[PDB]
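Residue numbers (my numbering): 150 to 271. All residues carry an ideal CB built from backbone N, CA and C; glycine is no exception. Scroll down for the structure; my scribbles are underneath it.
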Amino acid sequence: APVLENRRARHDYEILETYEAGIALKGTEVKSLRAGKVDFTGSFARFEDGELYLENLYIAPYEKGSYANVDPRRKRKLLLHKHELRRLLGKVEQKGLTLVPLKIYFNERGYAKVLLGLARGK
RNA sequence: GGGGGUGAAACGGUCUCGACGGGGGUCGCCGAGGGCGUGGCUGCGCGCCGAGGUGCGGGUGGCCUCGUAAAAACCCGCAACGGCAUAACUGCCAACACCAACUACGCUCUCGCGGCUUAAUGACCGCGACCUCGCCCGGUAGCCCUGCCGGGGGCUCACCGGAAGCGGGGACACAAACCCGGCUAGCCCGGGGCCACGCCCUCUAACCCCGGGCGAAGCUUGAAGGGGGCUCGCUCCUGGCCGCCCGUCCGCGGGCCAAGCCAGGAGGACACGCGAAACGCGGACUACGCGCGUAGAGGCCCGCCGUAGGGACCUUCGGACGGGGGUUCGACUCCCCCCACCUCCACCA
């Protein structure tokens with residue numbers, strides 16, 4: 150059911166800032182939301198790649214049958230404007246202020262989007 | 001096994017606006033702290049010979065080059081030893097109050113009685129002793145009742161002296177290196193005019209004060225006034241000299257005048273500008289004889305739309321609905337149709 154979001158973020162790790170970004174899914178990953186296959190623990194933004202990236206996210210597909218149970222962990226790029234990014238990139242790197250997926254959602258224009266908050270231990 | 005039914009949180013949401021790259025471009029948010037250089041100015045650069053050296057420099061211009069000249073440099077040093085020698089250049093052993101910052105059988109000489117009572121001495125803390133020693137007294141020197149006087153006022157542990165009054169003891173732990181008391185609260189040698197919009201000898205206040213002296217020395221009888229003195233002219237100011245001269249530097253030119261002086265007025269005493277004041281017509285830029293334009297590692301500021309000569313964002317695209325083509329304002333669910341998927345469909349039976 151669609152209100153899947155990491156509910157640790159008020160009793161485990163605090164959040165000091167929040168940003169918005171997308172990630173390249175596929176529909177079987179989205180179609181997970183109706184059942185509930187998702188938590189965001191162990192998943193954080195990273196850099197080592199030239200683009201900013203997001204990895205380790207257990208979306209864990211559910212369609213109807215078997216259709217396309219792809220690995221959900223995979224690296225997907227984070228577009229995340231230079232006005233934000235060149236005021237935050239070390240937070241992504243140095244992990245005491247990890248930009249982490251709190252929730253994934255579909256936005257104003259059909260795109261899979263991720264809410265990124267400043268966590269640690271996440 | 002396919003179709004219809006299903007392939008976002010249904011059906012109905014297909015660039016991740018972006019990070020990061022690149023087409024059309026901005027020069028901005030973000031890297032780039034605005035940036036970046038083709039300049040300007042020295043009233044053209046130079047002078048009658050001059051400046052100047054090859055890794056980075058000391059020395060050298062008497063060696064020796066570049067300057068319309070007639071052909072191409074050196075001695076020494078940075079450059080010595082990582083932990084180590086002299087080479088690191090004659091390395092280099094450490095600091096507070098003993099009689100007391102901190103700690104005692106203590107400390108300038110013999111003892112005692114309780115405290116202390118857990119625990120040892122009854123020297124500890126409170127208390128009593130032939131005496132150190134204070135209170136304060138017998139003294140050299142050096143010092144603020146320094147008037148006359150009552151009286152060396154008296155002293156300092158450097159060097160010494162009693163018992164005529166004790167604080168308390170074998171520590172009971174730094175100011176008589178200047179002070180108490182009365183009669184005229186004074187007298188004598190003597191310097192010398194400040195004071196009031198500058199005063200004084202002078203005068204109503206006899207004419208002088210009283211700063212200092214007397215144990216270790218020197219500047220003030222005056223309010224109403226002037227003739228004269230002081231610092232000049234009692235005091236000030238009138239004309240003759242005062243004051244003033246265009247980047248380095250030059251031709252044809254050169255004046256009117258306080259103060260201070262030579263002298264004369266006016267207010268009772270500086271009354272403060274009574275007025276009386278001041279450059280023109282021109283010019284080279286190594287001085288006109290002479291040439292090179294580098295005597296040369298310049299002195300001080302700006303200039304340009306414009307960053308090419310540091311990056312990469314605005315717009316926009318490499319990159320997501322399990323594929324792969326057409327196609328709607330709205331797609332994988334309109335038309336397809338492979339694979340999947342729930343139900344229906346195609347041997348035989």
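Check your understanding: In angstroms, rounded to a whole number, what distance separates the CA positions of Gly199 and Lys226?
Key -> 10 Å
Exercise for review: State buried or exposed for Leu228, treating a residue as buried only when at least 16 other CB atoms are found within 10 Å of its CB.
Suggested key: exposed
**Study point:** From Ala217, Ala209, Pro221, residue whose alpha carbon lies closest to that of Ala184
**Key:** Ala209
Review point. Skipping 5 residues on each side, what residues in its chain have a beta carbon closer than 7 Å to that of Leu182?
Key: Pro151, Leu153
Practice item. Starting from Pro250, follow its DSSP beta bridges and name the residues at the other end. Key: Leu265
Review point. Per DSSP, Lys226 forms a beta bridge with which residues?
Key: For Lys226, which the question treats as bridged, DSSP gives the partners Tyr202.
Review point. How is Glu242 classed by DSSP in three states: helix, strand or coil?
Key: If DSSP states are grouped into helix, strand and coil, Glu242 belongs with the helices.
Check your understanding: Based on the DSSP output, what are the partners of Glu154 in its beta bridges?
Key -> Answer is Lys252.
Exercise for review: Grab me the residues of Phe255's own chain with a C-beta within less than 8 Å of its C-beta, minus the 5 sequence neighbours each way, in chain order.
Suggested key: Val179, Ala261, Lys262
Exercise for review: Provide the residue span of the alpha helix (DSSP H) that contains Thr177, from first to last.
Suggested key: 176 to 179
Practice item. Verify whether the separation of the beta carbon atoms of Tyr168 and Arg269 is less than 8 Å. Key: no
Exercise for review: With DSSP collapsed to three states, give me the class of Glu169.
Suggested key: strand
Review point. Nearest-angstrom Cα distance between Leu248 and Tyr216?
Key: 32 Å
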